[PDB]
Each structure stands twice: as structure tokens, then as C-alpha cells.
Amino acid sequence: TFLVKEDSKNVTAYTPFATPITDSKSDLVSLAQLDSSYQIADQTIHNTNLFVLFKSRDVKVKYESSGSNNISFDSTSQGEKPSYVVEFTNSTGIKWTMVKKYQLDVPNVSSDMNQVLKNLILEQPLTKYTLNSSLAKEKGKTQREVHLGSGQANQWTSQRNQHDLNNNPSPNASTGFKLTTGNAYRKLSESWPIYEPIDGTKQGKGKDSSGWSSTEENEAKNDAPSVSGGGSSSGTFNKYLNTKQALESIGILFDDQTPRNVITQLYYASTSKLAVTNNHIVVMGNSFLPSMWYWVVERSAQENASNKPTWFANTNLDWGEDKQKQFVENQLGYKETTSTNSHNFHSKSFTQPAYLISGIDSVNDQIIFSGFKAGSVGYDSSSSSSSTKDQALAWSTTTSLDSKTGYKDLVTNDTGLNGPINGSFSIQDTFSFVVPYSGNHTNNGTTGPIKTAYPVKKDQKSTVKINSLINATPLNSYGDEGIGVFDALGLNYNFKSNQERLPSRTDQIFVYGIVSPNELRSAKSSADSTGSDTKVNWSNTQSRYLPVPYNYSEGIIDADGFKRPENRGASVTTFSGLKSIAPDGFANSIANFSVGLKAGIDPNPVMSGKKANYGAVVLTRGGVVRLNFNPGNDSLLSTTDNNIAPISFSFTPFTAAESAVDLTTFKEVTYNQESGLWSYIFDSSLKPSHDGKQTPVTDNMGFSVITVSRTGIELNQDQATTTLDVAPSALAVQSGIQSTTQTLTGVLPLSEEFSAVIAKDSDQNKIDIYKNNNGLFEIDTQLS
Amino acid sequence: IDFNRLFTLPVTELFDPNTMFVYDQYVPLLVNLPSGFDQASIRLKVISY
């Protein structure tokens, strides 16, 4: 029998003939002995029992910079509503009964963790209506401006050795972006605004929470007032966008019209996805805002025990090569700390602190995760003065043109390892934004080896305060310059005979991997640790630079080495200049989004003695990614040649039908064990009621379903396929099931060559039976 | 009906091949009987499969 979520609290069971079972509508929130503020976030079936994640709309968390217990539930405001995972079983029709109930306690904070957190600043979440120009930040100080100063232009070549920038050909390389204007950055105790700048180069206030509250918020309120009832909001909307409705639709909690603080938002969002194994229960965040932690719960945990999450900052992932990890870590913040109070993630010896988790699932006792790496860099808070004051320290790490071909050599290329190097370079009849040379190479011949350094002057070394920040997008450098646009769209290619796309190792980094029960036991140990932070090691993980489709932006029609003169123009060079033509329900065309990771076991038989194949699919902007694993080893699929990109990842582009589907409306991802097919369900009801200009949405009704299928030669099929050299891929296809009027309840995969859709077109339910032609659907009017 | 139980297995062992009558244990899963009923009084013959 099939289960159907009627609303945020009830679950109804349906027979294989698409008929509901009478007296089966169960209120699981009540059954789980939880109050009205709770709603089911995620559900999964393990063993034969139902596992359900619950989260309250009334949760309030606090961050206190002093003490030992720094993160805690705001008991004083009746917001001591932690999330819960409950196991439910059948004692019969269908009669549900609670087995085990697990609470999700707040994270434990060490003294070393609290030194970073104290000054940790976070960018307001990316919304459906956030434009390229909102994300756009004012370009920062140049490499020579920081190290040498003004009126020091003539001495780059002379003075550069003393600043450890020996043989650096980029004096004009940007050191970061200003936090004076643009998208709001707030501490764990501060709250984000419902207003988003139309132009983040000139409108917002950035990290200046004080300057916003005292003067700018009032100008924002006067420019962008919210709708009240019907109509289209009579506001000017010239400088700002009101995105309160879009905020609420991605899970932002409010006290009237004021959003709750960052820690509360972070918490509620961290308790969004569920995975179950024989010994553990794993909970991870959503795709809308970054996750700093994750829960590993031993299923044998006592009924009144507190389950603490593990921080991402302790979770050491395998980024592919040792170099690929350093690029991420060296940009997290500055080391040495000749100050004291110069505390960031890198200086207090942590790893990457946040991820934009696309999903979590389990196959053969193994947990599979994926998602984009959230942009985390250091920033200056000096307060008199230093040259880098009120500025984030970020740079492009894209591989140089002269680099050796082959995936391993491209990604291990030392370009932008310790500091900035990329700018704008004229090459023959064209140009590039990537540095043409690395190592000893120059156009004249060869000289000394090229050095890069962290944008902090050795003279201002002591009096500087380099703290930590986390962005809402997979982007690290928001600085308004060409290299950023090329880094985000993947328009950086070499000029050599065999063309390859030069990767970035900090911007648009897709992370994925497979976790064993013991790797989960280490993460539990890390969470329960007393004194210092205990580090976790995840070994079967990889990374990949996955940028947004260039064609989602107006003016770009190809990705090649040769760039047209019009492409050097500020209108298709900067973020504030670039125009979006993206159909996937996102006003931006620069930040990447991932969602609905789902693993599944391949039905097609395998060579005798070989274990059954399994993989996973996740949806990204502009296409489908497939994750390849070897079942004999329960590790990521690998190949012998290092010149080929890890065969554990393949990406297939979408067509206008799949690109047309609004990814922000993802409802449920399902997998048919017999078919070997994935059904991606989109509920158009998940659309926000009003746009950025407070205009009511007229397309927030209906649904759409996408089918994902396995393509290519699969492992262990015959004696030839015992090893592979090409990544087996996937295919995203708009199924044929869709509506613009009906409000979806659920889709029963009735049986192999049939499916049933349950919906409401007034209030009354209607069962639509569609004929399944191995992934492609068509309605049967004869089957009512 | 309960497909997920003993209807998962083939049609083969759902009835006696010689007499062609459905086995006496499967009968309550296909018939709606009243309270305190003698199941010996009724029998289900297989006409096609």
C-alpha cells in the first residue's frame, strides 16, 4: 500500500488500485505527541517502519558570545521547540503507533569555535526574485593598493619581492569586495531584512546593521512597501525589492514582519532532510540557506537523551586532491594572528564551515550526500586605519591558460593558491580574465617562480582584525568585475589545440560523497566531544566545479577560448551589468542551485558474483547530475587515467521543457525499484504569493513531473565492463504529467506501466490515471 | 485486498492442482463472511488463471 501526505500533519494510505483506505488519515504530529506548531518536514521508509522529521514554526534559538553554552533555545520566548525524528509502525487496515522518538538538540560550542562565531557574519538568503545586481558588490582594493599603497604604481616590480609577491604579473588584481553597501551581512544574534537592493553596488548597507536600522531601512520601507490584501502594492520600487513573501516560502520564520535571527533561521533550515540506516539516522539542511552542522543519531539512543549535531568545520572532506582542499582553506581567512582577536575559520584550524545541501539518502547501509559549497571568506573589522577596512578578502582561483592539460593537472595548478592573480589580459586577437602564465613562464621566456599572497600588508599585520563570513550562494567573490562573471558561467578556456574549460576551485564548487556507518560513528564522537573540537574524516568524497549555464544570461551564446570584442563590454562583463534570461524561476543567472538528491539500485542484472549496481541523481540549474559508485567497494566509481575527470560524476544538459521547470518548487523525488526511474515532483503551490515589486503571482497553481533515466555503458554488465573509462550518465525528461489549475496531493506509482495523480480542482478530489510508457506519460480518459 | 501478503508468490500454490479448489486458508482473504462462520460450508473453485 501507498502513503499520501494530505497536509502538513496528516497521512492517508491508498491501495494499489488508487483507492483510499477508510480510517487511515492519521495525524502523525498528534501521534508523535507534538503540539500544533509542528509539521512533517520529511518522511522515509526503512525496515518496514515510517521515519518522520518534524519541525516547529515556533522555534527560537539564541547566540551569546559569553559563557560555555553559546547556542541555546530561547526558553524565555516560548520557542523551546526542538526538532524530532519519530519511528512509526503498523499494529493492524492501517493503524500507526509510535516506536522511538529522537530529539534534535542544539550544537555544542567549544572556546575555539566561539572565537570565530563571536564575529561570524552571514549574507541574507538568496531568493527567487534576487537579481544579479543584488548579489553584486562594490569591487575592492587592488593587489598593489593593499601591499604598497597609493602613488606606488611605479614600484610594483621593485617592491613586490618584499611582500612575497615575487614575479607576480598582476598588480591590478582585486583583493575582494566592499561590505559598506549591498546584501545585508548579520551576526548569529542579528536579524536579516525583508529588503534586497536592486543595485548592491550603490543601495544596500552590507555588514553595517547600525547604518541600516538608523537611516537606510526607512528609505527601503518608503521605496518598497509590502502589499496589504489584493491589488499590486502602489510602491515606487526604484532602489529596493520587498521579498517578505519569497523569504517565507524558503522557510524564513517571522515575528510579525521582522524575520527571526540568523541562528533561529539556521536551526530551522538545518532540520530539513532525513536518511535512515540500520544503526543511524541522519538529518541535514536544505538547498535554500547554508548548513553549518548535521545530525548523526544512533537508533539505539535512550528515549530522553539529547542528540547534538556535528559541525561541518570539523568534517574533513576529500576535495579530490590535497591542493583542491587548500584553495578552499587558504581563502577561509588569514593565519599567524599577530593581532589577537584576528579569529577566522582558517586561523583557528577548521575546514570548510558551510554547505548548500541538495539532498541526503541511503543505499546498502551507506549514506549519500551532495550539494554546493557555500562561499566562506575572511573580512576586515579594524575600526581605526588599515587599507582593507570593511572589505571581504576573496579572489579568483581559476587555472592559468599555460597550465598542463588533464583534469589532475588543471585542478592542482598553483594559480591563485595563496592570493589573487586574475584580472584582464589581451591575448593575440582576443582577451582573457584568467592569468596567462604560471610557474617560471613569461611571454619573453622564463624568469623566477610566480608567487601569490593573502591581501594583508606585513606592516599592518598586527593592527588587523581578519574575521569570518558565509554567503548565501556557492560564490566566494562578489566583486563587480569580469573574472567573477567568467568564473560563475564557465567561460574560462585555454587556447591550446585540445580545448578544455579552466576550472575555479573556490567559486561554484559542487561537493558529493558516500559515508560508511563508521565514518558516521566518528561524526557522532565529534559532536559529543567535551574539550577541543575532534576532527571527522570523510574519505569517499570528491569535488567538481559546476557553473551555471552561460545561455541563462543575455549576450553569451558560446563557451570557447576566442571571445568577441562586445564580450569585453561592462554590460556583459560585470554582475551589475549582466542581464538574466533564466527560465528556472530565478531572477539571477549567476548563482548555482542543486536539489533532490535521490539514490536508487539499478534493476538491470549484473555479471554473476558482482554486487548490484546503484547510483544517485540530483538536479542542478541547467541539467541533471549523476553520481557513480562501485558497489563491490561501496566507494565512488574511479578510473586509472588522471587526465580524465572523475568518472564518479556526469552532467547532462536540460532542454527548454526541463529548464522551464521552476526548481524552487521542488516537492518530492521518488525512485521506482522495478523501472530504475526517478520521478521529480514539483508543486507550483510552493511559489510565493507576491514578487519583488509586491505584484500577486498568477502561476502559483498546478504541478509538473520530470523523469530521470540511466544512460551509457554500466559497470559489471559483462567481462568487458569490469572497469569503465567514461562516466555513466542520466537523462532529465519532462514526463508528460502536468497541471496549471489542479492542486496536487500525491502521485502513486500504481505499478510499472501506470501511475495515479491525486489532486483538487475545487475542494473535491480527482484521481487521474496516466499510462506509463517507460518514463513518458499520457492520460487515460477511460480509466477515469 | 491484501496483494502485499500471500499474493506476492505465484498463482501456483494458491490452489490445489488436482482438485482445482483454492486452499482453505486463503479463502478468508477473498470472502467477506459474517461473525462466527463455519468456513467448511463454503469453497472457491478456480475457473481460470
# chains A, B, ... in the order shown; residues from 1 in each chain; ligands from 1

$ closest_atom_pairs --of "chain A" --to "chain B" --cutoff "9 Å" --atoms "only C-alpha atoms" --output "CSV"
residue,atom,partner,partner_atom,distance
A:1,CA,B:4,CA,7.6
A:15,CA,B:1,CA,8.0
A:16,CA,B:3,CA,8.3

$ write_last_selection --atoms "C-alpha atoms" --output "PDB file, in the first residue's frame"
ATOM      1  CA  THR A   1       0.000   0.000   0.000  1.00  0.00           C
ATOM      2  CA  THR A  15      -4.392   0.691  -2.066  1.00  0.00           C
ATOM      3  CA  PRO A  16      -2.608  -0.436  -5.316  1.00  0.00           C
TER       4      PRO A  16
END

$ residues_around --residues "residue 274 of chain A" --least-positions-apart "4" --cutoff "12 Å" --atoms "only C-alpha atoms" --output "ChimeraX atom specification"
/A:40-46,50-54,83-87,270,280-286,294-297,357,359-362,367-369,596-598

$ closest_atom_pairs --of "segment 512-592 of chain A" --to "segment 328-350 of chain A" --cutoff "12 Å" --atoms "only C-alpha atoms" --output "tab-separated table"
residue	atom	partner	partner_atom	distance
A:532	CA	A:348	CA	11.3
A:533	CA	A:350	CA	9.1
A:534	CA	A:350	CA	10.4
A:535	CA	A:350	CA	8.8
A:536	CA	A:350	CA	11.1
A:543	CA	A:328	CA	11.2

$ select_by_dssp --residues "segment 573-701 of chain A" --states "strand (DSSP E)" --output "PyMOL selection string"
chain A and resi 594-601+614-620+623-630+635-636+649-653+666-672+677-683

$ residues_around --residues "segment 28-44 of chain B" --least-positions-apart "4" --cutoff "12 Å" --atoms "only C-alpha atoms" --output "number ranges by chain"
B: 1-7, 14-16, 19-24

$ write_last_selection --atoms "N, CA, C and O atoms" --output "mmCIF file, in the first residue's frame"
data_model
loop_
_atom_site.group_PDB
_atom_site.id
_atom_site.type_symbol
_atom_site.label_atom_id
_atom_site.label_comp_id
_atom_site.auth_asym_id
_atom_site.auth_seq_id
_atom_site.Cartn_x
_atom_site.Cartn_y
_atom_site.Cartn_z
ATOM 1 N N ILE B 1 -7.772 -5.292 -1.007
ATOM 2 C CA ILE B 1 -7.338 -6.682 -0.839
ATOM 3 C C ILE B 1 -5.858 -6.707 -0.457
ATOM 4 O O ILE B 1 -5.127 -5.725 -0.661
ATOM 5 N N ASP B 2 -5.427 -7.824 0.083
ATOM 6 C CA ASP B 2 -4.048 -7.996 0.500
ATOM 7 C C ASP B 2 -3.168 -8.588 -0.606
ATOM 8 O O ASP B 2 -2.887 -9.785 -0.587
ATOM 9 N N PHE B 3 -2.683 -7.748 -1.528
ATOM 10 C CA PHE B 3 -1.781 -8.257 -2.553
ATOM 11 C C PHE B 3 -0.407 -8.509 -1.930
ATOM 12 O O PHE B 3 0.175 -9.570 -2.137
ATOM 13 N N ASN B 4 0.076 -7.535 -1.122
ATOM 14 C CA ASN B 4 1.384 -7.497 -0.452
ATOM 15 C C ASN B 4 1.712 -8.728 0.434
ATOM 16 O O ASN B 4 2.894 -8.920 0.740
ATOM 17 N N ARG B 5 0.705 -9.557 0.825
ATOM 18 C CA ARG B 5 0.943 -10.754 1.647
ATOM 19 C C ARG B 5 1.237 -11.962 0.770
ATOM 20 O O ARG B 5 2.271 -11.996 0.100
ATOM 21 N N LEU B 6 0.316 -12.943 0.757
ATOM 22 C CA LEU B 6 0.484 -14.191 0.029
ATOM 23 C C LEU B 6 0.098 -14.104 -1.465
ATOM 24 O O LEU B 6 0.141 -15.129 -2.152
ATOM 25 N N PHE B 7 -0.185 -12.890 -1.991
ATOM 26 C CA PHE B 7 -0.444 -12.730 -3.424
ATOM 27 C C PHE B 7 0.809 -12.251 -4.173
ATOM 28 O O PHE B 7 0.771 -12.048 -5.390
ATOM 29 N N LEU B 14 -1.576 -21.216 -4.685
ATOM 30 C CA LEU B 14 -2.756 -20.535 -4.146
ATOM 31 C C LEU B 14 -3.978 -21.466 -4.179
ATOM 32 O O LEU B 14 -4.985 -21.206 -3.512
ATOM 33 N N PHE B 15 -3.856 -22.581 -4.924
ATOM 34 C CA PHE B 15 -4.882 -23.605 -5.087
ATOM 35 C C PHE B 15 -4.275 -24.992 -5.292
ATOM 36 O O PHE B 15 -3.134 -25.110 -5.748
ATOM 37 N N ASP B 16 -5.051 -26.037 -4.976
ATOM 38 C CA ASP B 16 -4.642 -27.426 -5.149
ATOM 39 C C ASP B 16 -4.695 -27.756 -6.647
ATOM 40 O O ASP B 16 -5.734 -27.522 -7.260
ATOM 41 N N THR B 19 -7.533 -31.006 -7.438
ATOM 42 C CA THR B 19 -8.957 -30.714 -7.228
ATOM 43 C C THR B 19 -9.397 -29.356 -7.791
ATOM 44 O O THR B 19 -10.600 -29.129 -7.953
ATOM 45 N N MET B 20 -8.427 -28.457 -8.067
ATOM 46 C CA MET B 20 -8.615 -27.103 -8.616
ATOM 47 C C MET B 20 -9.384 -26.153 -7.660
ATOM 48 O O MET B 20 -9.875 -25.108 -8.094
ATOM 49 N N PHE B 21 -9.443 -26.490 -6.362
ATOM 50 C CA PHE B 21 -10.082 -25.639 -5.366
ATOM 51 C C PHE B 21 -9.027 -24.830 -4.630
ATOM 52 O O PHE B 21 -7.942 -25.358 -4.363
ATOM 53 N N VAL B 22 -9.339 -23.553 -4.305
ATOM 54 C CA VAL B 22 -8.455 -22.645 -3.561
ATOM 55 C C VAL B 22 -8.230 -23.257 -2.177
ATOM 56 O O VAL B 22 -9.186 -23.765 -1.587
ATOM 57 N N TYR B 23 -6.974 -23.250 -1.679
ATOM 58 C CA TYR B 23 -6.665 -23.794 -0.353
ATOM 59 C C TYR B 23 -7.492 -23.075 0.737
ATOM 60 O O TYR B 23 -7.684 -21.858 0.668
ATOM 61 N N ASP B 24 -8.014 -23.856 1.705
ATOM 62 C CA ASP B 24 -8.902 -23.440 2.801
ATOM 63 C C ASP B 24 -8.415 -22.263 3.680
ATOM 64 O O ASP B 24 -9.244 -21.609 4.325
#

$ residues_around --residues "segment 216-225 of chain A" --least-positions-apart "4" --cutoff "6 Å" --atoms "only C-alpha atoms" --output "PyMOL selection string"
chain A and resi 212+235-237+240-242

$ write_last_selection --atoms "C-alpha atoms" --output "mmCIF file, in the first residue's frame"
data_model
loop_
_atom_site.group_PDB
_atom_site.id
_atom_site.type_symbol
_atom_site.label_atom_id
_atom_site.label_comp_id
_atom_site.auth_asym_id
_atom_site.auth_seq_id
_atom_site.Cartn_x
_atom_site.Cartn_y
_atom_site.Cartn_z
ATOM 1 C CA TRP A 212 20.678 50.138 8.060
ATOM 2 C CA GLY A 235 5.098 51.439 -4.340
ATOM 3 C CA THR A 236 7.836 53.049 -6.423
ATOM 4 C CA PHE A 237 10.344 50.090 -6.134
ATOM 5 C CA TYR A 240 14.806 48.138 -3.308
ATOM 6 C CA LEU A 241 12.738 44.906 -3.571
ATOM 7 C CA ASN A 242 10.312 43.676 -0.867
#

$ residues_around --residues "residue 319 of chain A" --least-positions-apart "2" --cutoff "9 Å" --atoms "only C-alpha atoms" --output "VMD selection string"
chain A and resid 317 321 to 325 511 541 to 544

$ closest_residue --among "A:28, A:627, A:578, A:17" --to "residue 754 of chain A" --atoms "only C-alpha atoms"
A:17

$ residues_around --residues "residue 104 of chain A" --least-positions-apart "2" --cutoff "7 Å" --atoms "only C-alpha atoms" --output "list in words"
residues 82, 83, 84, 102, 106, 306, 307 and 308 of chain A

$ write_last_selection --atoms "N, CA and C atoms" --output "mmCIF file, in the first residue's frame"
data_model
loop_
_atom_site.group_PDB
_atom_site.id
_atom_site.type_symbol
_atom_site.label_atom_id
_atom_site.label_comp_id
_atom_site.auth_asym_id
_atom_site.auth_seq_id
_atom_site.Cartn_x
_atom_site.Cartn_y
_atom_site.Cartn_z
ATOM 1 N N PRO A 82 12.436 22.046 19.912
ATOM 2 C CA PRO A 82 13.458 21.397 19.076
ATOM 3 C C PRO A 82 12.824 20.459 18.056
ATOM 4 N N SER A 83 13.567 20.126 17.009
ATOM 5 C CA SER A 83 13.047 19.204 16.018
ATOM 6 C C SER A 83 13.120 17.764 16.527
ATOM 7 N N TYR A 84 12.308 16.878 15.953
ATOM 8 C CA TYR A 84 12.223 15.479 16.360
ATOM 9 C C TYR A 84 12.141 14.577 15.166
ATOM 10 N N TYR A 102 13.204 10.671 18.792
ATOM 11 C CA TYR A 102 14.531 11.273 18.963
ATOM 12 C C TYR A 102 14.441 12.772 18.809
ATOM 13 N N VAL A 106 20.471 21.381 20.106
ATOM 14 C CA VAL A 106 21.336 22.430 19.551
ATOM 15 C C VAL A 106 22.835 22.020 19.576
ATOM 16 N N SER A 306 19.753 13.645 24.594
ATOM 17 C CA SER A 306 19.877 14.824 23.725
ATOM 18 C C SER A 306 20.896 14.538 22.620
ATOM 19 N N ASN A 307 20.443 14.633 21.364
ATOM 20 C CA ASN A 307 21.255 14.353 20.185
ATOM 21 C C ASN A 307 21.796 15.652 19.597
ATOM 22 N N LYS A 308 23.108 15.884 19.792
ATOM 23 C CA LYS A 308 23.834 17.084 19.348
ATOM 24 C C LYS A 308 24.375 16.914 17.919
#

$ closest_residue --among "A:376, A:652, A:497, A:310" --to "residue 625 of chain A" --atoms "only C-alpha atoms"
A:652

$ atom_distance --atom1 "atom CA of residue 48 of chain A" --atom2 "atom CA of residue 29 of chain A"
19.7 Å

$ atom_distance --atom1 "atom CA of residue 177 of chain A" --atom2 "atom CA of residue 381 of chain A"
13.6 Å

$ decode --residues "segment 284-326 of chain A" --atoms "N, CA and C atoms" --output "tab-separated table (two decimals), in the first residue's frame"
chain	number	residue	atom	x	y	z
A	284	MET	N	20.03	16.49	7.66
A	284	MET	CA	20.83	17.54	7.03
A	284	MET	C	19.91	18.69	6.59
A	285	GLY	N	20.50	19.85	6.30
A	285	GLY	CA	19.78	21.06	5.93
A	285	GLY	C	19.11	21.04	4.57
A	286	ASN	N	18.68	22.23	4.09
A	286	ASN	CA	18.06	22.39	2.77
A	286	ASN	C	19.00	23.11	1.78
A	287	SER	N	18.51	23.34	0.55
A	287	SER	CA	19.23	23.95	-0.58
A	287	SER	C	19.13	25.47	-0.59
A	288	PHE	N	18.22	26.05	0.23
A	288	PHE	CA	17.93	27.49	0.22
A	288	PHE	C	18.91	28.35	1.01
A	289	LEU	N	19.35	27.86	2.19
A	289	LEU	CA	20.33	28.58	3.01
A	289	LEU	C	21.41	27.63	3.56
A	290	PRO	N	22.68	28.08	3.78
A	290	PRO	CA	23.73	27.13	4.21
A	290	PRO	C	23.51	26.43	5.55
A	291	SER	N	24.13	25.25	5.67
A	291	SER	CA	24.07	24.40	6.84
A	291	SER	C	25.47	24.41	7.45
A	292	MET	N	25.57	24.61	8.77
A	292	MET	CA	26.87	24.66	9.42
A	292	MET	C	27.10	23.37	10.17
A	293	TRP	N	26.03	22.60	10.38
A	293	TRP	CA	26.06	21.33	11.11
A	293	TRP	C	25.14	20.28	10.47
A	294	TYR	N	25.12	19.07	11.04
A	294	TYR	CA	24.30	17.93	10.61
A	294	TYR	C	24.18	16.94	11.77
A	295	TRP	N	23.05	16.20	11.85
A	295	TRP	CA	22.83	15.23	12.90
A	295	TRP	C	23.08	13.79	12.50
A	296	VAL	N	23.81	13.05	13.35
A	296	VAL	CA	24.04	11.61	13.23
A	296	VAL	C	23.43	11.04	14.56
A	297	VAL	N	22.30	10.33	14.47
A	297	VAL	CA	21.66	9.81	15.67
A	297	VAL	C	21.74	8.31	15.69
A	298	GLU	N	22.28	7.74	16.76
A	298	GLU	CA	22.36	6.29	16.90
A	298	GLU	C	20.93	5.91	17.23
A	299	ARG	N	20.37	4.95	16.48
A	299	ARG	CA	18.99	4.48	16.64
A	299	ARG	C	18.73	3.82	17.98
A	300	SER	N	19.80	3.35	18.66
A	300	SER	CA	19.76	2.71	19.96
A	300	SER	C	19.82	3.74	21.11
A	301	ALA	N	19.69	5.05	20.79
A	301	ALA	CA	19.72	6.16	21.76
A	301	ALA	C	18.50	6.17	22.67
A	302	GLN	N	18.72	6.31	24.00
A	302	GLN	CA	17.69	6.32	25.06
A	302	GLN	C	16.64	7.40	24.79
A	303	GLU	N	15.38	7.13	25.18
A	303	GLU	CA	14.23	7.99	24.88
A	303	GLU	C	14.34	9.42	25.44
A	304	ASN	N	15.14	9.67	26.47
A	304	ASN	CA	15.25	11.04	26.98
A	304	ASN	C	16.69	11.61	26.82
A	305	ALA	N	17.45	11.10	25.83
A	305	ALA	CA	18.79	11.59	25.54
A	305	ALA	C	18.74	12.76	24.54
A	306	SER	N	19.75	13.65	24.59
A	306	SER	CA	19.88	14.82	23.73
A	306	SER	C	20.90	14.54	22.62
A	307	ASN	N	20.44	14.63	21.36
A	307	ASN	CA	21.26	14.35	20.19
A	307	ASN	C	21.80	15.65	19.60
A	308	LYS	N	23.11	15.88	19.79
A	308	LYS	CA	23.83	17.08	19.35
A	308	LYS	C	24.37	16.91	17.92
A	309	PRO	N	24.30	17.95	17.05
A	309	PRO	CA	24.85	17.79	15.70
A	309	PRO	C	26.36	17.96	15.71
A	310	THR	N	26.98	17.57	14.59
A	310	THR	CA	28.41	17.66	14.31
A	310	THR	C	28.57	18.86	13.40
A	311	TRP	N	29.59	19.67	13.64
A	311	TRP	CA	29.85	20.85	12.81
A	311	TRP	C	30.53	20.46	11.49
A	312	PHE	N	30.23	21.20	10.40
A	312	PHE	CA	30.91	20.97	9.12
A	312	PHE	C	32.36	21.38	9.23
A	313	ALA	N	32.66	22.38	10.07
A	313	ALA	CA	34.01	22.90	10.30
A	313	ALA	C	35.04	21.86	10.83
A	314	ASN	N	34.55	20.72	11.38
A	314	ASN	CA	35.34	19.59	11.88
A	314	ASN	C	35.35	18.45	10.87
A	315	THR	N	34.39	18.45	9.91
A	315	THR	CA	34.23	17.39	8.91
A	315	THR	C	35.18	17.59	7.73
A	316	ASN	N	36.32	16.90	7.78
A	316	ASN	CA	37.32	16.97	6.72
A	316	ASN	C	36.87	16.12	5.55
A	317	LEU	N	36.62	16.77	4.40
A	317	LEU	CA	36.18	16.08	3.18
A	317	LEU	C	37.34	15.95	2.25
A	318	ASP	N	37.25	14.95	1.36
A	318	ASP	CA	38.23	14.72	0.31
A	318	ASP	C	37.71	15.52	-0.88
A	319	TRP	N	38.42	16.62	-1.21
A	319	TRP	CA	38.08	17.52	-2.31
A	319	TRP	C	38.62	17.02	-3.64
A	320	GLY	N	39.27	15.86	-3.61
A	320	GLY	CA	39.83	15.24	-4.80
A	320	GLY	C	41.31	15.07	-4.60
A	321	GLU	N	42.03	16.18	-4.70
A	321	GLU	CA	43.46	16.21	-4.49
A	321	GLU	C	43.72	17.08	-3.27
A	322	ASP	N	44.89	16.92	-2.63
A	322	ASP	CA	45.27	17.73	-1.47
A	322	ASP	C	45.22	19.24	-1.77
A	323	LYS	N	45.63	19.64	-3.00
A	323	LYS	CA	45.64	21.02	-3.47
A	323	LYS	C	44.24	21.61	-3.51
A	324	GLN	N	43.26	20.87	-4.08
A	324	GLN	CA	41.84	21.26	-4.20
A	324	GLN	C	41.18	21.73	-2.87
A	325	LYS	N	41.63	21.17	-1.71
A	325	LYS	CA	41.19	21.49	-0.35
A	325	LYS	C	41.86	22.79	0.14
A	326	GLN	N	43.20	22.93	-0.08
A	326	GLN	CA	43.98	24.10	0.32
A	326	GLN	C	43.40	25.36	-0.26
